[PDB]
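First the structure, in the form of structure tokens, and then the observations on it.
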Amino acid sequence: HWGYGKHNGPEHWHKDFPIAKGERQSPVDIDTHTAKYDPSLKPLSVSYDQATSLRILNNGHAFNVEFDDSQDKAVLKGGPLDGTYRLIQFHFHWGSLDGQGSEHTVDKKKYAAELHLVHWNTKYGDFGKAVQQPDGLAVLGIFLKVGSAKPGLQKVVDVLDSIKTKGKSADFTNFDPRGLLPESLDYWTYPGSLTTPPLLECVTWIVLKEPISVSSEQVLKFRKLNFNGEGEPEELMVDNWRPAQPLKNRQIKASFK
Ligand SMILES: CS(=O)(=O)N(Cc1ccc(S(N)(=O)=O)cc1)Cc1cccc(NCC(=O)O)c1
Ligand SMILES: [Zn+2]
């Protein structure tokens, strides 16, 4: 089954998931000179004060921090979005070295990692229905560079030893995702897809311009996770990113001048 190895990685996905070669795949390179300011984008509203984190799971591809999405507790609204999008999980993609790891790129620059906060459009009732719709999901993407530590990340780092291998989970209550945001909410936006199988073309991407800084010790702990299950050969969870896909007939819009 699919993964990030030489034998099962992104260049193979199209054999089981032909939409991999579709018209609105993600991630993309963001050419900053070609993206145009869109003065019509409405202000972006990140409302995470009532967020209820539940659990952290190593799914063999990344780790997901899961939220209660059975009420409007943590929502994304505004920007390019019509209606209300509920936070269901966040996860990261990262590299084996600090010079790669992000999915989106900015003028071909790769960041050390990328955070994805995944939200679904409440007009579709549940996540599984939402992913069947062209406006079903909104993913807020945030770049990570290596420098100063991110204090709000450390609770995540410290639990990773307890979910080293695929299929392990741990309680992860009372985590505040506001501690993972940068100061500015300036962004780029475009219509795209999930970046893993099933690669569904259901995402409005919102990629923040300002990266967050994390320390080398924080990212080193990400790279100690395993893709494998317990009692199986160790394969470090690194380089779990899809490279940039063709932009095709899309325009990237900027929220900022
Ligand atoms: C297997 S998973 O946990 O990785 N997952 C969730 C997901 C993927 C990618 C993003 S991202 N990088 O674009 O923000 C956001 C959410 C993939 C997924 C999404 C939608 C439906 C299914 N259902 C099961 C199936 O069909 O495998 C699975
Ligand atoms: Zn992702």
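Letter by letter, the sequence shown follows residues 4 to 125, 127 to 261 of the authors' numbering. Even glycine gets a Cβ: it sits at the ideal position worked out from N, Cα and C.
Pick out whichever of the options has its Cα sitting closest to the Cα of residue i.
i: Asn-11; options: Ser-50, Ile-210, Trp-245; result: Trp-245
i: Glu-214; options: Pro-195, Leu-184, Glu-234, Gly-233; result: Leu-184
i: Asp-32; options: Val-109, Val-150, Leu-118, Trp-123; result: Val-109
i: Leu-60; options: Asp-52, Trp-97, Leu-203, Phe-70; result: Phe-70
i: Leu-141; options: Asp-243, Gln-103, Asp-175, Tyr-194; result: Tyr-194
i: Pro-42; options: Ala-77, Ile-22, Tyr-191; result: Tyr-191
i: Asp-180; options: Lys-24, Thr-55, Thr-87; result: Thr-55
i: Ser-217; options: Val-68, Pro-155, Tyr-40; result: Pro-155
i: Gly-129; options: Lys-112, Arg-89, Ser-219; result: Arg-89
i: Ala-23; options: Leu-251, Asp-34, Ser-259, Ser-220; result: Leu-251
i: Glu-221; options: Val-207, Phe-176, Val-160; result: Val-160
i: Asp-175; options: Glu-187, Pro-186, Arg-182, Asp-162; result: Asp-162
i: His-36; options: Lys-111, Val-242, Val-150; result: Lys-111
i: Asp-52; options: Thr-177, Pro-21, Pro-247, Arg-182; result: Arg-182
i: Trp-97; options: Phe-66, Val-242, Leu-224; result: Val-242
i: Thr-125; options: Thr-177, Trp-209, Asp-72; result: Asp-72
i: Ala-134; options: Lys-257, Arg-58, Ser-197; result: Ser-197
Look at residue i and residue j and say whether their C-beta atoms are less than 8 Å apart.
i: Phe-226; j: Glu-239; result: no
i: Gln-92; j: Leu-203; result: no
i: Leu-148; j: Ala-115; result: yes
i: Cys-206; j: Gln-255; result: no
i: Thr-199; j: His-64; result: no
i: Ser-48; j: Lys-80; result: yes
i: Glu-106; j: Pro-30; result: yes
i: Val-78; j: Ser-50; result: yes
i: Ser-259; j: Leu-84; result: no
i: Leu-189; j: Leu-212; result: yes
For residue i, which three-state DSSP category applies?
i: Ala-258; result: strand
i: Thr-199; result: coil
i: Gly-151; result: coil
i: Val-161; result: helix
i: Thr-125; result: helix
i: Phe-70; result: strand
i: residue 332; result: The structure shown does not extend to residue 332, since the chain is modelled only from 4 through 261, so no value can be given for it.
i: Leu-84; result: coil
i: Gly-145; result: strand
i: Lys-39; result: strand
i: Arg-182; result: helix
i: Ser-105; result: coil
i: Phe-231; result: coil
i: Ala-174; result: strand
i: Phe-131; result: helix
i: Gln-137; result: coil
Should residue i be counted as a contact of ligand 3 given a C-beta to heavy atom distance under 7 Å?
i: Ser-48; result: As presented, the structure is devoid of ligand 3, carrying ligand 1 and ligand 2 as its sole ligands.
Around ligand 2, which residues pass a check of Cβ closer than 6 Å to any of its heavy atoms? Every residue passing the under-6 Å Cβ criterion appears here: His-94, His-96, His-119, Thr-199.
Meets three-Cβ-pair contact criterion under 8 Å: the region 137–151 and the region 110–124: Contact holds between the region 137–151 and the region 110–124, because three or more Cβ pairs, one in each stretch, are under 8 Å apart.
Is the region 163–173 touching the region 94–105 in the sense that three or more CB pairs, one from each, lie closer than 8 Å? The region 94–105, when compared against the region 163–173, does not touch it at the 8 Å Cβ threshold.
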